[PDB]
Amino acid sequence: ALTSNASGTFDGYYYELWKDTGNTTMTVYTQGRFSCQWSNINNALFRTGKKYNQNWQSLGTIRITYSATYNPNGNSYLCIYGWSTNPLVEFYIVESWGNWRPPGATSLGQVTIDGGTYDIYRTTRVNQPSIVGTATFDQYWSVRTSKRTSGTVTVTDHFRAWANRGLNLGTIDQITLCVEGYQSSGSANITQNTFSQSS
């Protein structure tokens, strides 16, 4: 299994274990499935998905049908997670979480997507880790009003919802199903992470 920062591809899916400090373990299976557990960490992320390198406006419709056994014991998120470049943006579509509903910022409004209600948020990170090294960038968020651990997320619908509220994206680097933890412990087993892209 993976226990230190690592990334790669398996069965057609990009995978990555990232953490600053702490005990982490991740096992990647076929079809984007993966298991992970963490403890004594500061910040850790476990994820599998697809890379794109394409402007979000031309991706058409991207839907992710996922299923997960999610058992955080503290601060944590189960989410769709990815990056954009030009501008550099780290984005989240939070489906479930631990003891704290993220992200601790002013809501920019609510929208209904895939049958669920989500609050939209913008946050900023100064000199933090990123896909291109230490950098300062914004984060865009869609956070469900209630927890869900299985279903379908029309990622491009969130992109549009964000765009309509002034949160602009550029070239999408990657889109993934991710389990994040913050100063907590927990375990999770992603049993389905299917991508569908049509125009």
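Residue positions are given as counts along the sequence shown, with the first one as 1.
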Stretch with the greater mean C-alpha B-factor as recorded in the entry, comparing 154 to 162 against 56 to 64: 56 to 64
Of 139 to 147 and 46 to 54, the one with larger mean CA B-factor: 46 to 54
Residue with highest C-alpha B-factor in the PDB entry, from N86, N71, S96, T124: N86
Ranked against its chain, the third holding the CA B-factor of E16: middle
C36 - which third its CA temperature factor falls in, relative to the rest of the chain: lowest
Position of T9 among the chain's modelled residues by C-alpha B-factor, lowest, middle or highest third: highest
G22 CA temperature factor, ranked by third within the chain: highest
Chain-relative CA temperature factor third for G104: highest
